[PDB]
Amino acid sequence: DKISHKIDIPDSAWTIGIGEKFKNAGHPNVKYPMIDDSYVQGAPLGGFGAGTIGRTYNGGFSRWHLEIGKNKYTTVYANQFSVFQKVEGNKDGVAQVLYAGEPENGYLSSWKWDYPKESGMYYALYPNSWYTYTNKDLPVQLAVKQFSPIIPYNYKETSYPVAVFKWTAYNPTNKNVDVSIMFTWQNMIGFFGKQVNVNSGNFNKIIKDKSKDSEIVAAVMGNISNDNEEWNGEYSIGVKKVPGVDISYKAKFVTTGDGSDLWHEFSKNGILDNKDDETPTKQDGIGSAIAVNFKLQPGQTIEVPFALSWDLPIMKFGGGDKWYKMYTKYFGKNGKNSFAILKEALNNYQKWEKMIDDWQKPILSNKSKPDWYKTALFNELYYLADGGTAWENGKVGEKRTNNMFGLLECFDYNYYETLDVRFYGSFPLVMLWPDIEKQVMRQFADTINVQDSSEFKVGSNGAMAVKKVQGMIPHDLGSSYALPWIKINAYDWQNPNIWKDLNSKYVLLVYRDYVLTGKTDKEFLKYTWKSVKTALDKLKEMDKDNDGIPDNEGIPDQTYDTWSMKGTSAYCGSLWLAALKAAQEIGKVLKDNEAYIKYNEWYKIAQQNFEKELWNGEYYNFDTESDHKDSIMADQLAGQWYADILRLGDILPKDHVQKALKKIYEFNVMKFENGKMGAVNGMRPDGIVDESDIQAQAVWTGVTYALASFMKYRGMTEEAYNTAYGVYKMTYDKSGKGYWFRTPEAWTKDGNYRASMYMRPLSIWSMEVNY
């Protein structure tokens, strides 16, 4: 490996060998079908609301999130980078697809597949990833840096459906070498969203943009139809000329054939036929190819950028609603703009690299923080783009001043912005894209007094319940299978209208968003104040025994939606205390004296009673009435966690908080697989895992990172990092379970999982709240 020193890979990048087999991978631990796309994954490409494309460490374009809200894992084998190399004065050269694999069927059988093992590495530090190619049969070594412009406090480039591939080639040998790099892409119009005739009308064209001292050559892969539908638009790939390189292209090769129409040209001398051909296809799949060729002298390096764009302006949801995607604000809505997007990237990618370096640098340059932590912190952010993210710029047909946003909980449970989960998972948004975060919270504020009296069947018990009760915060803002933002509470396993955490979590999220954006946004507090008061007043009515605290009802009436709580719970009860303290503080800011007085009085009574009912001398009991009420819950003081972040002070005595966190570390972490897998949710006082429910005996990745945050700002530094380390290790390490770029909700002690690609572990960013 002589190429690594010509490029700049941070030491904290996650790494794996190209073609590496992983032996220890986890699988779903549930009874019902659940997504398992394997460990062959990589950092995604694409902006927020754009649809994303997962290119794996083996090089394939395989995890397709272009249909917003859907996860489709299938390798489109035509989509590749390939290399030709010939030592000057040899008879023949060699050509190789840079993919550690081959197709299932006979299509593209002419190409040289099966990039060999031990011949390159993949590196990822989201939003950047890299591949190096150090192959004994390729005298020139190559690397590529690939990324999309995901940039905090930037709501423009961050939305773009674009990826840059910046190649570096270096000749360490004593001979001249002829080198070509070729990007191939299938015209994927009709890959999703088209019910019949999936290739029909697809056509490819070549654009040559020759301005002064500059040239871009691109293929635009579209359809002759001007229908404004989810399936229609354009893909583009292309390259920018640099000194020393020539460009060649082929507009049309057949992807549903043996591929020799393209490959006979490239394998001969690395130079394509430059044949334009706009003939539309009928049944056959087609694609385009863009190549560069250059000669490298001994010791010489060259850099060449390629790019990929996709203008698919319309997202459709299963209930029928069609929306424009966010990026259409900047490029237009007609679906004929892929070249413009591509050109913008090719002309500005160096600036974008610098902007990415500027935001990563403060963390990367802090030498008190271990590299493993940095690996997890940046790489967990894959989910903001990859989580079915929807960001609308208008309903198709009919303009407001805001752009509605939603991130899925996950794909298995296809719910937008699940509030009991976003309590943990929305940290990166408040800290890095706060205008989005406030928009999401205003969305929730608007739903609080919605009433929907129609009934649904509750999954856990078969009872019928009202869909949405006035004054109760909803569980979620709909499903991609139905009507995001319009039909809320898509979730039905439990009835969220009787949850005891949603209303308190809502208030805490509101006050968080004010505090962590500098305590200046009074207008945001004003917008949400009526909803905050309503939320707390409604929850207070669920106090059945007059101790001033809502009563859990002996069912799973909160985020641990199979783990029953009864009476006063540490979890919901601490959240209630913190929510009351937040509302007091908002009361003061807004000069609502009577609210301050009321919530202050509620707080004093509740706080006194919480302490009396649950403090046992070492920790706070799980609750006052359950069968294992004295279990040690990892999340028992979630309210105090948030109160620390919100600078609300002590809701409980410092000494007791400290004792409880020490107990959690000593038990839930260190007595669960030697502290190498995170914090188990429930432990019995004798040091054995609580087995009363599957949730009690799992580690929740987001709970655990949040607990690490809580420990850290209570000065338990070693405990904090050791607790977080088990999550990092299981996710990313060779001794883990192979969950990189699909961090799950939960795993049991065997390492097997529930719900890959989950929002909750974005809570790692709560470990950085001074950002």
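The first residue of the sequence shown is number 1, and the count goes up from there.
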| property | result |
| --- | --- |
| Unmodelled deposited residues between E398 and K399, binned | 1 to 3 |
| Mean temperature factor over C-alpha atoms, higher-scoring stretch between 381 to 389 and 520 to 528 | 520 to 528 |
| Stretch with the higher entry mean CA B-factor, where the candidates are 423 to 431 and 359 to 367 | 359 to 367 |
| Residue selected from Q636, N503, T132, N609 by maximal Cα B factor | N609 |
| Largest Cα B-factor, entry values, listed residues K250, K166, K156, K194 | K194 |
| Third of the chain's Cα B-factor distribution that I9 belongs to, per the entry | highest |
| Chain thirds of CA B-factor: placement of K31 | highest |
| CA B-factor ranking of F22, expressed as a third of its chain | highest |
| Assigned third (lowest, middle, highest) for the C-alpha B factor of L308 | lowest |
| Entry-reported Cα temperature factor of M472, expressed as the chain third it lands in | middle |
